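Peer 1: Data file run.txt (compact mmCIF, N, CA and C atoms) is appended below.
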# COMPACT_ATOMS: atom_id res chain seq x y z
N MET A 1 7.56 -16.60 1.63
CA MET A 1 6.97 -15.23 1.51
C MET A 1 7.43 -14.52 0.23
N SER A 2 8.53 -15.00 -0.36
CA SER A 2 9.12 -14.39 -1.56
C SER A 2 8.16 -14.37 -2.76
N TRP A 3 7.18 -15.28 -2.77
CA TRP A 3 6.11 -15.25 -3.77
C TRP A 3 5.39 -13.89 -3.82
N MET A 4 5.35 -13.18 -2.69
CA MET A 4 4.68 -11.88 -2.64
C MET A 4 5.34 -10.90 -3.63
N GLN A 5 6.67 -10.81 -3.56
CA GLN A 5 7.45 -10.01 -4.51
C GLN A 5 7.33 -10.55 -5.94
N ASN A 6 7.42 -11.88 -6.07
CA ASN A 6 7.35 -12.56 -7.37
C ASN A 6 6.10 -12.15 -8.18
N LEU A 7 5.01 -11.86 -7.49
CA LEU A 7 3.78 -11.41 -8.15
C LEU A 7 3.82 -9.89 -8.43
N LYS A 8 4.04 -9.11 -7.37
CA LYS A 8 3.95 -7.64 -7.42
C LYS A 8 5.11 -6.97 -8.21
N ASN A 9 6.16 -7.72 -8.56
CA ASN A 9 7.35 -7.14 -9.21
C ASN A 9 7.01 -6.59 -10.60
N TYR A 10 5.96 -7.13 -11.21
CA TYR A 10 5.57 -6.74 -12.57
C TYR A 10 4.05 -6.83 -12.78
N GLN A 11 3.55 -6.10 -13.77
CA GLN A 11 2.13 -6.13 -14.11
C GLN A 11 1.91 -6.77 -15.49
N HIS A 12 1.79 -8.10 -15.53
CA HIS A 12 1.45 -8.79 -16.78
C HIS A 12 0.05 -9.43 -16.75
N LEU A 13 -0.50 -9.68 -15.57
CA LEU A 13 -1.81 -10.34 -15.47
C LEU A 13 -2.76 -9.55 -14.55
N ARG A 14 -4.07 -9.70 -14.76
CA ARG A 14 -5.08 -9.05 -13.91
C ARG A 14 -5.33 -9.80 -12.60
N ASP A 15 -4.52 -10.81 -12.28
CA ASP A 15 -4.72 -11.58 -11.04
C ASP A 15 -4.64 -10.71 -9.77
N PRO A 16 -5.74 -10.65 -8.98
CA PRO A 16 -5.78 -9.86 -7.73
C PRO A 16 -4.65 -10.25 -6.76
N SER A 17 -4.15 -11.48 -6.89
CA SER A 17 -3.12 -12.01 -5.99
C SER A 17 -1.91 -11.07 -5.88
N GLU A 18 -1.58 -10.38 -6.97
CA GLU A 18 -0.46 -9.43 -6.97
C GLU A 18 -0.70 -8.31 -5.93
N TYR A 19 -1.96 -7.92 -5.76
CA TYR A 19 -2.32 -6.82 -4.85
C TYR A 19 -2.72 -7.35 -3.47
N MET A 20 -3.17 -8.60 -3.42
CA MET A 20 -3.46 -9.26 -2.14
C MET A 20 -2.14 -9.53 -1.38
N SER A 21 -1.05 -9.63 -2.14
CA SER A 21 0.30 -9.73 -1.56
C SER A 21 0.86 -8.34 -1.25
N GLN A 22 0.44 -7.33 -2.04
CA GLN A 22 0.80 -5.93 -1.77
C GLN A 22 0.31 -5.48 -0.38
N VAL A 23 -1.00 -5.57 -0.16
CA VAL A 23 -1.61 -5.12 1.09
C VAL A 23 -2.14 -6.31 1.92
N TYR A 24 -1.88 -6.27 3.22
CA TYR A 24 -2.16 -7.39 4.12
C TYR A 24 -3.41 -7.14 4.98
N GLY A 25 -3.94 -5.91 4.94
CA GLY A 25 -5.07 -5.54 5.79
C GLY A 25 -6.41 -5.44 5.06
N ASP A 26 -7.12 -4.34 5.29
CA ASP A 26 -8.49 -4.14 4.79
C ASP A 26 -8.62 -4.41 3.27
N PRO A 27 -9.63 -5.22 2.88
CA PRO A 27 -9.88 -5.58 1.46
C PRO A 27 -10.00 -4.38 0.52
N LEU A 28 -10.59 -3.28 1.01
CA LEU A 28 -10.83 -2.07 0.21
C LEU A 28 -9.53 -1.55 -0.44
N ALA A 29 -8.43 -1.64 0.30
CA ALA A 29 -7.14 -1.12 -0.15
C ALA A 29 -6.70 -1.73 -1.50
N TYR A 30 -6.38 -3.03 -1.50
CA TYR A 30 -5.93 -3.70 -2.72
C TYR A 30 -7.08 -3.97 -3.71
N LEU A 31 -8.32 -3.86 -3.23
CA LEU A 31 -9.49 -3.88 -4.12
C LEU A 31 -9.46 -2.69 -5.10
N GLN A 32 -9.28 -1.48 -4.57
CA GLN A 32 -9.18 -0.29 -5.40
C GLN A 32 -7.90 -0.31 -6.25
N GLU A 33 -6.81 -0.84 -5.70
CA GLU A 33 -5.55 -0.96 -6.45
C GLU A 33 -5.69 -2.00 -7.58
N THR A 34 -6.47 -3.06 -7.35
CA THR A 34 -6.73 -4.08 -8.38
C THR A 34 -7.51 -3.49 -9.57
N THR A 35 -8.49 -2.65 -9.26
CA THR A 35 -9.35 -2.05 -10.30
C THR A 35 -8.75 -0.76 -10.88
N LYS A 36 -7.84 -0.12 -10.14
CA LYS A 36 -7.23 1.15 -10.59
C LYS A 36 -5.71 1.02 -10.85
N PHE A 37 -4.96 0.56 -9.84
CA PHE A 37 -3.48 0.58 -9.85
C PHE A 37 -2.93 1.95 -9.41
N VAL A 38 -3.84 2.91 -9.19
CA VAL A 38 -3.48 4.30 -8.89
C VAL A 38 -4.32 4.86 -7.72
N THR A 39 -3.98 6.05 -7.25
CA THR A 39 -4.70 6.65 -6.11
C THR A 39 -6.22 6.79 -6.37
N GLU A 40 -7.00 6.72 -5.29
CA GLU A 40 -8.47 6.82 -5.37
C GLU A 40 -9.06 7.28 -4.03
N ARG A 41 -10.18 8.01 -4.07
CA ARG A 41 -10.77 8.58 -2.85
C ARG A 41 -10.85 7.52 -1.74
N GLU A 42 -11.54 6.42 -2.01
CA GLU A 42 -11.76 5.37 -1.01
C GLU A 42 -10.43 4.70 -0.61
N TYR A 43 -9.47 4.71 -1.53
CA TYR A 43 -8.16 4.09 -1.33
C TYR A 43 -7.35 4.79 -0.22
N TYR A 44 -7.57 6.09 -0.02
CA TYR A 44 -6.89 6.83 1.06
C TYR A 44 -7.86 7.60 1.99
N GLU A 45 -9.16 7.52 1.73
CA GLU A 45 -10.17 8.19 2.58
C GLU A 45 -10.37 7.46 3.93
N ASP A 46 -10.58 6.15 3.88
CA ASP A 46 -10.74 5.36 5.11
C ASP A 46 -9.38 4.87 5.64
N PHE A 47 -8.30 5.33 5.03
CA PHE A 47 -6.95 4.87 5.38
C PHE A 47 -6.05 6.03 5.86
N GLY A 48 -4.85 5.69 6.32
CA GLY A 48 -3.87 6.71 6.69
C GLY A 48 -2.83 6.23 7.69
N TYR A 49 -3.24 5.37 8.61
CA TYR A 49 -2.33 4.84 9.64
C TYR A 49 -2.47 3.32 9.80
N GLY A 50 -1.34 2.62 9.87
CA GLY A 50 -1.34 1.16 9.98
C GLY A 50 -0.25 0.52 9.13
N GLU A 51 -0.20 -0.82 9.12
CA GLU A 51 0.78 -1.56 8.30
C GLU A 51 0.91 -0.97 6.89
N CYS A 52 -0.19 -1.00 6.15
CA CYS A 52 -0.29 -0.28 4.88
C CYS A 52 -1.43 0.75 4.96
N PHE A 53 -1.33 1.67 5.93
CA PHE A 53 -2.38 2.68 6.18
C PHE A 53 -3.71 2.05 6.63
N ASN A 54 -3.69 0.75 6.94
CA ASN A 54 -4.93 0.00 7.18
C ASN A 54 -5.29 -0.08 8.68
N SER A 55 -6.47 -0.63 8.98
CA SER A 55 -6.98 -0.71 10.36
C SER A 55 -7.08 -2.17 10.83
N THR A 56 -6.11 -2.97 10.42
CA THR A 56 -6.00 -4.38 10.82
C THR A 56 -4.77 -4.65 11.70
N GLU A 57 -4.81 -5.76 12.45
CA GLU A 57 -3.70 -6.16 13.34
C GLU A 57 -2.32 -6.16 12.65
N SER A 58 -1.45 -5.25 13.07
CA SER A 58 -0.05 -5.24 12.64
C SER A 58 0.63 -6.60 12.92
N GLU A 59 1.16 -7.24 11.88
CA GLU A 59 1.77 -8.57 12.05
C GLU A 59 3.20 -8.67 11.45
N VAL A 60 3.48 -7.90 10.41
CA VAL A 60 4.76 -8.02 9.68
C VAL A 60 5.59 -6.71 9.73
N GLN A 61 5.15 -5.77 10.57
CA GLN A 61 5.86 -4.50 10.85
C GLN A 61 6.18 -3.68 9.59
N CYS A 62 5.16 -3.35 8.80
CA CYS A 62 5.37 -2.57 7.56
C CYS A 62 5.80 -1.13 7.88
N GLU A 63 5.66 -0.72 9.15
CA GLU A 63 6.06 0.63 9.57
C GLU A 63 7.57 0.86 9.38
N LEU A 64 8.34 -0.23 9.40
CA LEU A 64 9.78 -0.19 9.17
C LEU A 64 10.10 -0.95 7.87
N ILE A 65 9.95 -2.28 7.93
CA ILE A 65 10.14 -3.16 6.76
C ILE A 65 9.65 -4.59 7.08
N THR A 66 9.24 -5.33 6.05
CA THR A 66 8.64 -6.66 6.22
C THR A 66 9.62 -7.79 5.81
N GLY A 67 10.63 -7.44 5.02
CA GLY A 67 11.40 -8.44 4.28
C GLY A 67 10.92 -8.66 2.85
N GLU A 68 9.68 -8.27 2.56
CA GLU A 68 9.16 -8.25 1.19
C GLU A 68 9.16 -6.85 0.55
N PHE A 69 9.42 -5.82 1.35
CA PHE A 69 9.47 -4.43 0.85
C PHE A 69 10.90 -3.98 0.50
N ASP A 70 11.74 -4.92 0.08
CA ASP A 70 13.14 -4.63 -0.28
C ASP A 70 13.22 -3.84 -1.61
N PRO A 71 13.70 -2.57 -1.57
CA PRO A 71 13.86 -1.72 -2.77
C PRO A 71 14.70 -2.33 -3.92
N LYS A 72 15.63 -3.24 -3.61
CA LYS A 72 16.48 -3.85 -4.64
C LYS A 72 15.73 -4.96 -5.40
N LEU A 73 14.72 -5.55 -4.75
CA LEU A 73 14.02 -6.72 -5.31
C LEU A 73 12.68 -6.32 -5.96
N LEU A 74 12.15 -5.16 -5.60
CA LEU A 74 10.90 -4.66 -6.21
C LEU A 74 11.21 -3.55 -7.23
N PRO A 75 11.01 -3.83 -8.54
CA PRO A 75 11.07 -2.80 -9.60
C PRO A 75 10.12 -1.62 -9.34
N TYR A 76 10.58 -0.40 -9.64
CA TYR A 76 9.77 0.79 -9.39
C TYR A 76 9.48 1.59 -10.67
N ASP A 77 8.25 1.49 -11.16
CA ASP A 77 7.73 2.43 -12.16
C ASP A 77 7.30 3.73 -11.46
N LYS A 78 6.99 4.78 -12.22
CA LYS A 78 6.53 6.05 -11.64
C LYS A 78 5.25 5.85 -10.78
N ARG A 79 4.26 5.16 -11.35
CA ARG A 79 2.97 4.97 -10.67
C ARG A 79 3.08 3.92 -9.55
N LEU A 80 3.83 2.85 -9.81
CA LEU A 80 4.13 1.84 -8.79
C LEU A 80 4.84 2.46 -7.58
N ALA A 81 5.97 3.12 -7.83
CA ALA A 81 6.76 3.75 -6.77
C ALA A 81 5.90 4.61 -5.85
N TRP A 82 5.17 5.59 -6.41
CA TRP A 82 4.34 6.48 -5.60
C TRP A 82 3.32 5.69 -4.76
N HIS A 83 2.45 4.95 -5.42
CA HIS A 83 1.30 4.33 -4.74
C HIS A 83 1.72 3.15 -3.86
N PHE A 84 2.45 2.20 -4.43
CA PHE A 84 2.89 1.02 -3.67
C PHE A 84 3.75 1.40 -2.44
N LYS A 85 4.82 2.17 -2.65
CA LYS A 85 5.77 2.48 -1.57
C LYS A 85 5.12 3.35 -0.48
N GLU A 86 4.46 4.42 -0.89
CA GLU A 86 3.90 5.42 0.04
C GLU A 86 2.75 4.84 0.89
N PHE A 87 1.96 3.96 0.29
CA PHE A 87 0.84 3.31 0.99
C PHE A 87 1.32 2.20 1.93
N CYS A 88 2.25 1.36 1.46
CA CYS A 88 2.69 0.18 2.22
C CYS A 88 4.01 0.40 2.97
N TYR A 89 5.04 0.87 2.26
CA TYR A 89 6.42 0.86 2.79
C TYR A 89 6.88 2.25 3.26
N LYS A 90 5.95 3.20 3.32
CA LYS A 90 6.22 4.51 3.92
C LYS A 90 6.50 4.40 5.43
N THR A 91 7.64 4.93 5.86
CA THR A 91 8.04 4.83 7.27
C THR A 91 7.73 6.12 8.06
N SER A 92 7.52 7.22 7.35
CA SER A 92 7.25 8.52 7.97
C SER A 92 5.75 8.74 8.20
N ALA A 93 5.42 9.69 9.07
CA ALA A 93 4.03 10.02 9.39
C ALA A 93 3.88 11.53 9.66
N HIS A 94 3.71 12.30 8.60
CA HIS A 94 3.68 13.77 8.68
C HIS A 94 2.24 14.30 8.53
N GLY A 95 2.09 15.61 8.27
CA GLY A 95 0.77 16.22 8.11
C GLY A 95 -0.10 15.56 7.03
N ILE A 96 0.54 14.92 6.05
CA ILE A 96 -0.17 14.11 5.04
C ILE A 96 0.10 12.60 5.22
N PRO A 97 -0.74 11.89 6.01
CA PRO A 97 -0.64 10.44 6.18
C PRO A 97 -1.28 9.62 5.04
N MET A 98 -1.92 10.31 4.09
CA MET A 98 -2.61 9.65 2.97
C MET A 98 -1.70 9.50 1.74
N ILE A 99 -2.23 8.86 0.69
CA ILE A 99 -1.52 8.70 -0.59
C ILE A 99 -1.25 10.04 -1.29
N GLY A 100 -2.07 11.05 -1.00
CA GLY A 100 -1.95 12.33 -1.70
C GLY A 100 -2.49 13.54 -0.93
N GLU A 101 -3.75 13.89 -1.18
CA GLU A 101 -4.37 15.08 -0.58
C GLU A 101 -4.96 14.83 0.81
N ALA A 102 -4.27 15.32 1.84
CA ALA A 102 -4.74 15.20 3.22
C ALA A 102 -4.56 16.54 3.96
N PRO A 103 -5.54 17.46 3.83
CA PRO A 103 -5.54 18.75 4.56
C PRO A 103 -5.77 18.60 6.07
N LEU A 104 -4.73 18.19 6.81
CA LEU A 104 -4.84 17.89 8.25
C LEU A 104 -5.90 16.79 8.51
N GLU A 105 -5.98 15.83 7.58
CA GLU A 105 -6.90 14.70 7.71
C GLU A 105 -6.18 13.44 8.22
N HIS A 106 -6.14 13.28 9.54
CA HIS A 106 -5.43 12.16 10.15
C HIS A 106 -6.42 11.06 10.57
N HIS A 107 -6.25 9.87 10.01
CA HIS A 107 -7.04 8.70 10.42
C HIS A 107 -6.76 8.31 11.88
N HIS A 108 -7.81 7.89 12.59
CA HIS A 108 -7.70 7.41 13.97
C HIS A 108 -6.59 6.35 14.16
N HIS A 109 -5.79 6.53 15.20
CA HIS A 109 -4.67 5.64 15.51
C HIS A 109 -4.26 5.81 16.99
N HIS A 110 -3.37 4.95 17.47
CA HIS A 110 -2.93 5.02 18.87
C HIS A 110 -1.40 4.99 18.96
N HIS A 111 -0.87 5.64 19.99
CA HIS A 111 0.58 5.70 20.22
C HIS A 111 0.96 4.88 21.47
Show the structure stored in the file as structure tokens.

Peer 2:
Amino acid sequence: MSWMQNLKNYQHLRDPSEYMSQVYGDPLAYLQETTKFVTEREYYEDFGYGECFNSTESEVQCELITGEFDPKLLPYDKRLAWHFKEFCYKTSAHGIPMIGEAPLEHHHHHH
């Protein structure tokens, strides 16, 4: 699984694999990250709750940690830190469950 970090640790190539290892759920998530690398309407509009805010079967427990979301092993740029960590490795769930602007906009989820 360490290959996931090995790709996402740096941005030298346009290979989608770096972002396919970033997000494990809905294609739209790492699709927008592949074309942008930064926040986007669709990137947090259909998202908000799940492994990486996604609506797919939780398998690696991103709500706490996966073993690939280790802060010591993943380099953090300003844009990387905000988008990557908050979307995937965010453990909290407050009034803003999105990457940025969420005026009481909570995506459907179950407790």

Peer 1: So what do you get for atom CA of residue A:49 versus atom N of residue A:4, distance-wise?

Peer 2: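 That distance, rounded to one decimal, is 23.1 Å.
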
Peer 1: Output as a list in words all residues of chain A that backbone DSSP marks as alpha helix (DSSP H).

Peer 2: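 Everything in chain A that counts as alpha helix (DSSP H) is residues 3, 4, 5, 6, 7, 8, 17, 18, 19, 20, 21, 22, 27, 28, 29, 30, 31, 32, 33, 34, 35, 41, 42, 43, 44, 45, 78, 79 and 80 of chain A.
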
Peer 1: How about saving the chosen residues, N, CA and C atoms kept, as a compact mmCIF listing (two decimals), in the coordinates of the input?

Peer 2:
# COMPACT_ATOMS: atom_id res chain seq x y z
N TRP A 3 7.18 -15.28 -2.77
CA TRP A 3 6.11 -15.25 -3.77
C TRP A 3 5.39 -13.89 -3.82
N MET A 4 5.35 -13.18 -2.69
CA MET A 4 4.68 -11.88 -2.64
C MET A 4 5.34 -10.90 -3.63
N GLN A 5 6.67 -10.81 -3.56
CA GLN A 5 7.45 -10.01 -4.51
C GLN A 5 7.33 -10.55 -5.94
N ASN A 6 7.42 -11.88 -6.07
CA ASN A 6 7.35 -12.56 -7.37
C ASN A 6 6.10 -12.15 -8.18
N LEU A 7 5.01 -11.86 -7.49
CA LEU A 7 3.78 -11.41 -8.15
C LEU A 7 3.82 -9.89 -8.43
N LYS A 8 4.04 -9.11 -7.37
CA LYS A 8 3.95 -7.64 -7.42
C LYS A 8 5.11 -6.97 -8.21
N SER A 17 -4.15 -11.48 -6.89
CA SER A 17 -3.12 -12.01 -5.99
C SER A 17 -1.91 -11.07 -5.88
N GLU A 18 -1.58 -10.38 -6.97
CA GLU A 18 -0.46 -9.43 -6.97
C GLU A 18 -0.70 -8.31 -5.93
N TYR A 19 -1.96 -7.92 -5.76
CA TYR A 19 -2.32 -6.82 -4.85
C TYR A 19 -2.72 -7.35 -3.47
N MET A 20 -3.17 -8.60 -3.42
CA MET A 20 -3.46 -9.26 -2.14
C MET A 20 -2.14 -9.53 -1.38
N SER A 21 -1.05 -9.63 -2.14
CA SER A 21 0.30 -9.73 -1.56
C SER A 21 0.86 -8.34 -1.25
N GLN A 22 0.44 -7.33 -2.04
CA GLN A 22 0.80 -5.93 -1.77
C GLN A 22 0.31 -5.48 -0.38
N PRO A 27 -9.63 -5.22 2.88
CA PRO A 27 -9.88 -5.58 1.46
C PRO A 27 -10.00 -4.38 0.52
N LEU A 28 -10.59 -3.28 1.01
CA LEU A 28 -10.83 -2.07 0.21
C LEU A 28 -9.53 -1.55 -0.44
N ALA A 29 -8.43 -1.64 0.30
CA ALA A 29 -7.14 -1.12 -0.15
C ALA A 29 -6.70 -1.73 -1.50
N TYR A 30 -6.38 -3.03 -1.50
CA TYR A 30 -5.93 -3.70 -2.72
C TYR A 30 -7.08 -3.97 -3.71
N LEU A 31 -8.32 -3.86 -3.23
CA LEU A 31 -9.49 -3.88 -4.12
C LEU A 31 -9.46 -2.69 -5.10
N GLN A 32 -9.28 -1.48 -4.57
CA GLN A 32 -9.18 -0.29 -5.40
C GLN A 32 -7.90 -0.31 -6.25
N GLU A 33 -6.81 -0.84 -5.70
CA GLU A 33 -5.55 -0.96 -6.45
C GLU A 33 -5.69 -2.00 -7.58
N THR A 34 -6.47 -3.06 -7.35
CA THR A 34 -6.73 -4.08 -8.38
C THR A 34 -7.51 -3.49 -9.57
N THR A 35 -8.49 -2.65 -9.26
CA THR A 35 -9.35 -2.05 -10.30
C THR A 35 -8.75 -0.76 -10.88
N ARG A 41 -10.18 8.01 -4.07
CA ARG A 41 -10.77 8.58 -2.85
C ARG A 41 -10.85 7.52 -1.74
N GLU A 42 -11.54 6.42 -2.01
CA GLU A 42 -11.76 5.37 -1.01
C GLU A 42 -10.43 4.70 -0.61
N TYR A 43 -9.47 4.71 -1.53
CA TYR A 43 -8.16 4.09 -1.33
C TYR A 43 -7.35 4.79 -0.22
N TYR A 44 -7.57 6.09 -0.02
CA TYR A 44 -6.89 6.83 1.06
C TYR A 44 -7.86 7.60 1.99
N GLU A 45 -9.16 7.52 1.73
CA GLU A 45 -10.17 8.19 2.58
C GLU A 45 -10.37 7.46 3.93
N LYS A 78 6.99 4.78 -12.22
CA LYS A 78 6.53 6.05 -11.64
C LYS A 78 5.25 5.85 -10.78
N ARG A 79 4.26 5.16 -11.35
CA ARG A 79 2.97 4.97 -10.67
C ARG A 79 3.08 3.92 -9.55
N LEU A 80 3.83 2.85 -9.81
CA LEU A 80 4.13 1.84 -8.79
C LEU A 80 4.84 2.46 -7.58

Peer 1: With distances taken over only C-alpha atoms, which residue among A:65, A:110, A:9, A:73 lies nearest residue A:90?

Peer 2: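 Ranked by minimum distance to residue A:90, first place goes to A:65.
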
Peer 1: In terms of the shortest atom-to-atom distance over all atoms listed in the file, which of A:58, A:34, A:70, A:28 is closest to residue A:16?

Peer 2: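 Answer, going by the shortest atom-to-atom distance: A:34.
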
Peer 1: Around all the atoms of stretch 37-44 of chain A listed in the file, draw an axis-aligned box and extend it by 5 Å on each of the six sides; I want its centre and edge lengths in Å to one decimal, as lines of an AutoDock Vina configuration file.

Peer 2:
center_x = -7.3
center_y = 4.6
center_z = -3.9
size_x = 18.8
size_y = 18.0
size_z = 21.8

Peer 1: For a quick check of understanding, using all atoms listed in the file, which of A:10, A:24, A:47, A:3 has the smallest distance to residue A:108?

Peer 2: A:47

Peer 1: Work out how far apart atom N of residue A:99 and atom CA of residue A:40 are and give it in Å to one decimal.

Peer 2: 8.9 Å

Peer 1: For each of A:74, A:101, A:45, A:87, take the minimum atom-to-atom distance to residue A:8, counting only N, CA and C atoms, then give the residue where this is smallest.

Peer 2: A:74

Peer 1: Can you list, as a count of residues only, every protein, DNA or RNA residue that comes within 8 Å of residue A:97 when you count only N, CA and C atoms, leaving out same-chain residues fewer than 5 positions away?

Peer 2: 14

Peer 1: What is the distance between atom N of residue A:77 and atom CA of residue A:14, in Å to one decimal?

Peer 2: 17.2 Å

Peer 1: Show me as a PDB file with N, CA and C atoms, keeping the file's coordinate frame the residues that reach within 8 Å of (5.4, -9.8, -2.5), counting only C-alpha atoms and using the file's own coordinates.

Peer 2:
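This is the output file selection-v9.pdb:
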ATOM      1  N   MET A   1       7.560 -16.600   1.630  1.00  0.00           N
ATOM      2  CA  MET A   1       6.970 -15.230   1.510  1.00  0.00           C
ATOM      3  C   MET A   1       7.430 -14.520   0.230  1.00  0.00           C
ATOM      4  N   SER A   2       8.530 -15.000  -0.360  1.00  0.00           N
ATOM      5  CA  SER A   2       9.120 -14.390  -1.560  1.00  0.00           C
ATOM      6  C   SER A   2       8.160 -14.370  -2.760  1.00  0.00           C
ATOM      7  N   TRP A   3       7.180 -15.280  -2.770  1.00  0.00           N
ATOM      8  CA  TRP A   3       6.110 -15.250  -3.770  1.00  0.00           C
ATOM      9  C   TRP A   3       5.390 -13.890  -3.820  1.00  0.00           C
ATOM     10  N   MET A   4       5.350 -13.180  -2.690  1.00  0.00           N
ATOM     11  CA  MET A   4       4.680 -11.880  -2.640  1.00  0.00           C
ATOM     12  C   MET A   4       5.340 -10.900  -3.630  1.00  0.00           C
ATOM     13  N   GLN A   5       6.670 -10.810  -3.560  1.00  0.00           N
ATOM     14  CA  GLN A   5       7.450 -10.010  -4.510  1.00  0.00           C
ATOM     15  C   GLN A   5       7.330 -10.550  -5.940  1.00  0.00           C
ATOM     16  N   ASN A   6       7.420 -11.880  -6.070  1.00  0.00           N
ATOM     17  CA  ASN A   6       7.350 -12.560  -7.370  1.00  0.00           C
ATOM     18  C   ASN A   6       6.100 -12.150  -8.180  1.00  0.00           C
ATOM     19  N   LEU A   7       5.010 -11.860  -7.490  1.00  0.00           N
ATOM     20  CA  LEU A   7       3.780 -11.410  -8.150  1.00  0.00           C
ATOM     21  C   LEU A   7       3.820  -9.890  -8.430  1.00  0.00           C
ATOM     22  N   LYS A   8       4.040  -9.110  -7.370  1.00  0.00           N
ATOM     23  CA  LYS A   8       3.950  -7.640  -7.420  1.00  0.00           C
ATOM     24  C   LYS A   8       5.110  -6.970  -8.210  1.00  0.00           C
ATOM     25  N   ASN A   9       6.160  -7.720  -8.560  1.00  0.00           N
ATOM     26  CA  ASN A   9       7.350  -7.140  -9.210  1.00  0.00           C
ATOM     27  C   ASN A   9       7.010  -6.590 -10.600  1.00  0.00           C
ATOM     28  N   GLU A  18      -1.580 -10.380  -6.970  1.00  0.00           N
ATOM     29  CA  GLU A  18      -0.460  -9.430  -6.970  1.00  0.00           C
ATOM     30  C   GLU A  18      -0.700  -8.310  -5.930  1.00  0.00           C
ATOM     31  N   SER A  21      -1.050  -9.630  -2.140  1.00  0.00           N
ATOM     32  CA  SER A  21       0.300  -9.730  -1.560  1.00  0.00           C
ATOM     33  C   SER A  21       0.860  -8.340  -1.250  1.00  0.00           C
ATOM     34  N   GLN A  22       0.440  -7.330  -2.040  1.00  0.00           N
ATOM     35  CA  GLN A  22       0.800  -5.930  -1.770  1.00  0.00           C
ATOM     36  C   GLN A  22       0.310  -5.480  -0.380  1.00  0.00           C
ATOM     37  N   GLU A  68       9.680  -8.270   2.560  1.00  0.00           N
ATOM     38  CA  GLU A  68       9.160  -8.250   1.190  1.00  0.00           C
ATOM     39  C   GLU A  68       9.160  -6.850   0.550  1.00  0.00           C
ATOM     40  N   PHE A  69       9.420  -5.820   1.350  1.00  0.00           N
ATOM     41  CA  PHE A  69       9.470  -4.430   0.850  1.00  0.00           C
ATOM     42  C   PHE A  69      10.900  -3.980   0.500  1.00  0.00           C
TER      43      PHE A  69
END

Peer 1: Identify, on the basis of only C-alpha atoms, every residue whose closest approach to residue A:80 does not exceed 9 Å; exclude the query and any residue fewer than 4 positions from it along the same chain; express the result as number ranges by chain.

Peer 2: A: 37-38, 75-76, 84-85

Peer 1: Which residue is closest to residue A:54? Choose from A:33, A:42, A:26, A:15 and count only C-alpha atoms.

Peer 2: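 Smallest separation from residue A:54 among the options: A:26.
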
Peer 1: My list of candidates is A:46, A:41, A:88, A:67. Which is closest to residue A:23 when distances are computed with only N, CA and C atoms?

Peer 2: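 The closest residue to residue A:23 is A:88.
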
Peer 1: If I only have part of stretch 65-75 of chain A, can you fill in N, CA, C and O atoms and write it as a tab-separated table (two decimals), keeping the file's coordinate frame?

Peer 2:
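Below is the file rebuild15.tsv, written as the result:
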chain	number	residue	atom	x	y	z
A	65	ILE	N	9.95	-2.28	7.93
A	65	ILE	CA	10.14	-3.16	6.76
A	65	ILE	C	9.65	-4.59	7.08
A	65	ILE	O	9.64	-5.02	8.23
A	66	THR	N	9.24	-5.33	6.05
A	66	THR	CA	8.64	-6.66	6.22
A	66	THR	C	9.62	-7.79	5.81
A	66	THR	O	9.47	-8.94	6.21
A	67	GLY	N	10.63	-7.44	5.02
A	67	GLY	CA	11.40	-8.44	4.28
A	67	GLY	C	10.92	-8.66	2.85
A	67	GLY	O	11.67	-9.17	2.01
A	68	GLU	N	9.68	-8.27	2.56
A	68	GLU	CA	9.16	-8.25	1.19
A	68	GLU	C	9.16	-6.85	0.55
A	68	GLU	O	8.91	-6.71	-0.65
A	69	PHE	N	9.42	-5.82	1.35
A	69	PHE	CA	9.47	-4.43	0.85
A	69	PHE	C	10.90	-3.98	0.50
A	69	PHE	O	11.23	-2.80	0.63
A	70	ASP	N	11.74	-4.92	0.08
A	70	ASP	CA	13.14	-4.63	-0.28
A	70	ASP	C	13.22	-3.84	-1.61
A	70	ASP	O	12.87	-4.36	-2.67
A	71	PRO	N	13.70	-2.57	-1.57
A	71	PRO	CA	13.86	-1.72	-2.77
A	71	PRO	C	14.70	-2.33	-3.92
A	71	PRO	O	14.51	-1.97	-5.08
A	72	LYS	N	15.63	-3.24	-3.61
A	72	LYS	CA	16.48	-3.85	-4.64
A	72	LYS	C	15.73	-4.96	-5.40
A	72	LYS	O	16.06	-5.29	-6.54
A	73	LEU	N	14.72	-5.55	-4.75
A	73	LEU	CA	14.02	-6.72	-5.31
A	73	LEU	C	12.68	-6.32	-5.96
A	73	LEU	O	12.14	-7.07	-6.78
A	74	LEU	N	12.15	-5.16	-5.60
A	74	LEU	CA	10.90	-4.66	-6.21
A	74	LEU	C	11.21	-3.55	-7.23
A	74	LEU	O	11.62	-2.45	-6.86
A	75	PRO	N	11.01	-3.83	-8.54
A	75	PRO	CA	11.07	-2.80	-9.60
A	75	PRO	C	10.12	-1.62	-9.34
A	75	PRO	O	8.99	-1.80	-8.90
